[PDB]
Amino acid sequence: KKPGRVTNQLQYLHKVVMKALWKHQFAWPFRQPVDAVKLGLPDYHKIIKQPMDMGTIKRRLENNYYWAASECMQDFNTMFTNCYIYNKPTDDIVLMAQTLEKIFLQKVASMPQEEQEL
């Protein structure tokens, strides 16, 4: 498969960042792929071409899918951005996403800046 490895930043995103978000109270809509049919969301997969969720990010971290932490960071920002693009700014889902991203940025701010392979 694709090249994967373990780095200090990937371990931090797993054992610190993902841990804080997975148990969060606002996390339940993000722990699995959006099911636009079950939720009745029109044109979701025509608008969202790259769906992403914390469940997929979690499995990728736990299976050493990522080569660098920047790939994992991109997946987190894809998940947030997809929420802001499809949903209306005052929908409940956007406020929950903004709250989760607030904790995300707070924990990522303390991430070790130098990425080293372990």
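Note that residue numbering follows the sequence shown and begins at 1.
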Of the two stretches 59-67 and 73-81, which shows the higher Cα B-factor on average in the entry?
59-67
Of the three thirds of the chain ranked by Cα temperature factor, residue 42 occupies the highest
Modelled-residue ranking by C-alpha temperature factor, third containing residue 32
lowest
Ranked C-alpha temperature factor of residue 13 among modelled chain residues, by third:
middle
When the modelled residues of the chain are sorted by Cα temperature factor, does residue 100 land in the lowest, middle or highest third?
middle
